[PDB]
Every structure is written in C-alpha cells, then in structure tokens.
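Keep in mind that the numbers below use all heavy atoms, side chains included, and drop hydrogens, waters and symmetry copies. Position 1 is the first residue of the sequence; numbering continues from there.
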Amino acid sequence: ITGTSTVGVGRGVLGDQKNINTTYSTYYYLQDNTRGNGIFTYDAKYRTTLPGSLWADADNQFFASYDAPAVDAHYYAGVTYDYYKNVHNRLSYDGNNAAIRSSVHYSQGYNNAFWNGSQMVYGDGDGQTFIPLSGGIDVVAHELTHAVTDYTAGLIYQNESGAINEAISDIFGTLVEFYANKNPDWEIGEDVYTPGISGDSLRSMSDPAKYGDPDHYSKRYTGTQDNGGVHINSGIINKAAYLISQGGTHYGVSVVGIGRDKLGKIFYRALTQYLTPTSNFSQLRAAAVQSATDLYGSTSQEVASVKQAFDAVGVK
Ligand SMILES: [Ca+2]
Ligand SMILES: [Ca+2]
Ligand SMILES: [Ca+2]
Ligand SMILES: [Ca+2]
Ligand SMILES: [Zn+2]
C-alpha cells in the first residue's frame with residue numbers, strides 16, 4: 001500500500017525485542033519500503049489460501065503472542081536481503097529487487113515452511129515438534145535461498161540436483177545466521193525445533209550422521225522417498241561445505257579450512273555461473289573447483305581445500 005515509512009517495535013517468537021520497518025496509512029502495515037521493491041508480511045489466519053491479508057496493526061507495537069511469527073518473518077527476511085546485497089551484491093532473489101512476500105499462521109499446527117514459487121510460507125508448528133518456523137533465522141534464509149536458486153541455477157528438486165538445491169539452502173541459511181551473529185552454529189533449525197528438548201536440531205552440517213543423514217557418497221540414499229532423498233543426501237554436500245570452511249579429517253582425508261567468507265564466495269559463484277538445472281554431485285565438484293580457480297588461482301590453497309573436501313565425502 002501507499003503510505004509513510006516508519007519504524008515499529010515488537011517481540012519475536014523467542015521473546016526478543018526488535019525494531020521493524022512498517023508503513024503507515026490509517027493502520028500500520030508490515031511493509032518495509034527500505035529494501036528493494038519492499039518486504040511484505042501477510043496473515044494467513046490459519047487458512048491455506050495465499051497470501052492472505054497484508055498485516056495491519058493499529059498502534060505500531062507488536063507484542064501480542066499472535067504477532068510474534070509475523071515480527072520474525074518480517075525482520076529476518078530483511079536481514080537475509082541485507083546479506084545478499086552487502087556480501088554478494090545481489091538485489092533480492094531475482095537480482096532486480098523483486099518484492100519479498102511472506103505469509104505466517106499458515107494452516108493449523110503445520111510443521112513446515114516453504115517457498116511456493118512466488119512467496120515464503122510459515123506454519124506455526126504443533127508446539128511439540130516445532131514452534132513458529134519464522135523464529136529461526138536459518139529457516140527463513142533457507143527458504144529465501146530456494147528463491148535465489150530458482151532464479152539462477154534452477155536445480156530440479158529431485159535426486160542429486162535436488163540434494164544440491166537443499167544443501168545450498170542450508171549453506172546460505174547458516175552463513176546468514178553467522179552474518180546476523182545470532183548464536184551462530186552449523187546446525188539447522190535448532191531455534192524452533194523441539195522446544196522440550198535442548199541441544200538438538202533437525203539437521204547438522206558439522207556431523208550429518210548425528211541425525212542419521214549420510215556424510216559420505218557411499219552412504220547415499222537411492223530410494224524414491226523425499227523426491228529421491230533431497231533432505232537426506234544433502235548431508236553429503238553440507239559436510240563438504242563444513243570441511244571447506246572449518247577444516248578437519250574425515251574418513252582419513254585431511255582438509256585445511258579456508259573460512260566462511262571464502263566458502264560463501266565459492267558457492268555463490270558456482271550457483272550463479274556454473275550450475276544448471278540437472279547438475280549432479282560430480283558436476284557440483286567441478287563447478288566449485290572452477291569457481292575457486294577463478295577467484296584464487298589454480299595453485300591456491302583454496303582450490304586445494306575444495307578438492308580435499310569433496311575427496312573426503314567421496315565425490316569425484
Ligand atoms: Ca499492536
Ligand atoms: Ca544458532
Ligand atoms: Ca543454525
Ligand atoms: Ca530442541
Ligand atoms: Zn529446503
């Protein structure tokens with residue numbers, strides 16, 4: 001809507017207070033005009049019809065329990081936009097400042113979040129397995145990254161290309177978590193997963209096997225469930241990414257870590273310049289090696305580390 005840009009205040013899912021960009025026109029709306037063509041957050045009102053209604057508030061104060069998921073979806077979409085713009089010089093998910101839209105309170109007791117090809121959608125969780133999904137910055141960044149992938153490499157969501165698609169979302173979801181410096185780690189979804197259990201997460205990049213996911217190509221899932229195991233085999237790539245950044249010895253192969261910034265630069269270049277819709281793991285390795293070569297030279301430590309990491313997880 002057309003109005004006056006202002007700043008409101010509210011509390012997120014985890015009870016933390018934060019300032020959010022809003023727009024005033026009779027009501028205060030969750031519309032951030034400071035980033036690209038805008039960030040819009042909608043209320044799905046427990047229904048499945050999208051996008052729902054643009055979030056309207058009477059006093060620009062969002063401290064009600066019902067407001068929490070909206071506050072975080074709105075705020076974290078902004079942080080993710082900032083990451084891509086400041087670190088990779090990318091304007092929104094399409095590279096041309098496309099408006100970012102999110103709907104919260106989708107369905108009832110919905111333990112999922114997703115990108116539907118046009119916008120992000122967040123369930124409130126059932127209170128046991130998950131609490132409102134927008135409360136996790138790595139979750140929000142994971143979802144917005146699916147949009148970035150769709151506009152760039154276009155990795156088909158099935159088998160190996162789908163596992164790469166998933167890993168890319170976990171990798172950048174984690175890099176955004178570090179960017180925001182919000183209790184960063186190499187775990188996925190820890191802030192909104194199982195509120196009654198501390199110390200766990202949905203997936204682990206540092207040790208995928210902790211939750212039963214493969215950490216080597218020889219242990220890859222070859223079945224038909226989960227679109228060919230896109231959320232399972234992503235562990236193989238997540239482990240490789242973790243090794244490239246942090247280093248370590250995996251299955252007898254030693255990798256010298258080069259840091260998170262370089263990891264991000266290498267994978268962003270691979271994603272936007274070399275990957276295609278049908279790329280498999282072997283092609284991802286080639287794309288990563290070529291990207292590191294473009295940026296640091298063929299005889300660099302960076303290229304050596306990328307090769308070592310993929311060797312460690314069995315991807316040739
Ligand atoms: Ca209010
Ligand atoms: Ca964390
Ligand atoms: Ca995390
Ligand atoms: Ca937990
Ligand atoms: Zn995903």
Side-chain angles (χ1 to χ4, degrees), residues 12-16 68-69 72-73 75-77 79-80 83 104 109-115 120-146 149 162-216 219-221 225-227 229-248 250 257 260 263-264 267 309 313:
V13 176
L14 297 184
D16 58 313
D72 282 341
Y75 185 93
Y76 292 140
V79 176
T80 304
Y83 170 77
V104 297
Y110 194 65
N111 294 315
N112 196 60
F114 59 98
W115 164 260
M120 292 181 281
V121 185
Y122 299 95
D124 289 321
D126 57 18
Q128 290 289 59
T129 307
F130 282 105
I131 55 177
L133 285 76
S134 55
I137 189 170
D138 52 7
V139 174
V140 174
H142 174 109
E143 298 307 334
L144 192 52
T145 297
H146 272 308
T149 295
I164 295 172
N165 187 312
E166 268 304 296
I168 291 297
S169 277
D170 282 345
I171 291 173
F172 285 105
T174 290
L175 292 182
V176 169
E177 186 171 306
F178 269 99
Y179 175 72
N181 209 312
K182 168 201 170 194
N183 297 301
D185 49 57
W186 293 85
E187 298 293 293
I188 302 297
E190 72 285 344
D191 292 332
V192 296
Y193 188 61
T194 60
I197 303 175
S198 63
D200 68 337
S201 61
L202 186 60
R203 288 189 290 284
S204 173
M205 296 183 73
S206 61
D207 182 24
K210 181 166 56 184
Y211 299 116
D213 297 321
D215 59 358
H216 192 279
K219 302 189 179 186
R220 68 193 183 75
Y221 174 67
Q225 301 184 305
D226 187 36
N227 289 306
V230 300
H231 296 94
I232 300 172
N233 293 323
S234 54
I236 296 164
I237 304 304
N238 282 345
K239 181 71 184 193
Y242 172 77
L243 287 172
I244 291 175
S245 179
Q246 307 303 95
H250 187 53
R260 290 182 288 87
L263 168 69
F267 272 72
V313 297

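- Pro208 and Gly235 make their closest contact through CG-O, 3.4 Å (heavy atoms, listed as atom of the first residue, atom of the second, distance).
- With sequence neighbours left out, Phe130 forms a ring-ring contact (aromatic ring centres under 6.0 Å, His included) with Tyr193.
- Interatomic distance, CD1 of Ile137 versus CG of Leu14, reported as 11.5 Å (0.5 Å rounding).
- In this structure, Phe267 and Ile244 have side chains that are in contact, with non-hydrogen atoms separated by less than 4.5 Å.
- A donor-acceptor contact shorter than 3.5 Å links the side chain of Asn233 to the backbone of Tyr221.
- Exactly one of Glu177, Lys210, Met205, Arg203 qualifies for a side-chain contact (heavy atoms from CB on, under 4.5 Å) with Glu187. That residue is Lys210.
- Heavy-atom minimum distance, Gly135 versus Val192: C-CG1, 3.6 Å.
- Using cut-offs of 30° and 60° on the angle between ring planes, the pair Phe172 and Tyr83 is tilted.
- Between the side chains of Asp126 and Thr129, at least one donor N or O lies within less than 3.5 Å of an accepting N or O.
- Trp186 contributes atom CH2, which lies 6.5 Å from atom CZ of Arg260 (distance to the nearest 0.5 angstrom).
- Taking all atoms of both residues into account, the shortest heavy-atom contact from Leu144 to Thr80 is CD2-CG2, 3.5 Å.
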- Go through the steps to decide whether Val79 and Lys182 satisfy the test side-chain contact (heavy atoms from CB on, under 4.5 Å), and finish with yes or no. CA-CA 11 Å; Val79 176; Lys182 168 201 170 194; over 6 Å; no
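- Between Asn112 and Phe114, the shortest heavy-atom contact is ND2-CD2, 3.6 Å.
- A distance of 3.5 Å separates CD1 in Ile188 from OG1 in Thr174, rounded to the nearest 0.5 Å.
- The side chain to side chain donor-acceptor pair (under 3.5 Å) contacts involving residues 234-248 comprise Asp170-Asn238, where partners must be two or more places apart or lie in separate chains.
- Counting only distance, with no hydrogens or angles, the side chain of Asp138 and the backbone of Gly189 share a donor-acceptor pair below 3.5 Å.
- The main-chain N or O of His231 is found under 3.5 Å from a side-chain atom of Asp226 such that the two form a donor-acceptor pair.
- Side-chain contact between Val140 and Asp72 is absent, with no heavy-atom pair separated by less than 4.5 Å.
- A side-chain donor-acceptor contact under 3.5 Å links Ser134 to the backbone of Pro69.
- Note that the CG atom of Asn111 and the CD1 atom of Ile131 stand 11.5 Å from one another [nearest 0.5 Å].
- What you find for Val139 and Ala113 is that their closest heavy atoms are CG1-CB, 4.2 Å.
- By the 6.0 Å contact criterion, NZ on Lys219 is open, its count of non-hydrogen atoms from other residues, nucleotides or ligands being 12 or less.
- Atom CG of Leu175 is separated from atom CG of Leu263 by 5.5 Å, given to the nearest 0.5 angstrom.
- Formation of a donor-acceptor pair under 3.5 Å by the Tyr211 side chain with backbone atoms of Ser201 is found in this model.
- The side-chain contact (heavy atoms from CB on, under 4.5 Å) test with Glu166 is passed by exactly one of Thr149, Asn227, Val230: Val230.
- Heavy-atom minimum distance, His146 versus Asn165: ND1-OD1, 2.8 Å.
- Residues satisfying the ring-ring contact (aromatic ring centres under 6.0 Å, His included) criterion with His250, sequence neighbours excluded, are absent altogether.
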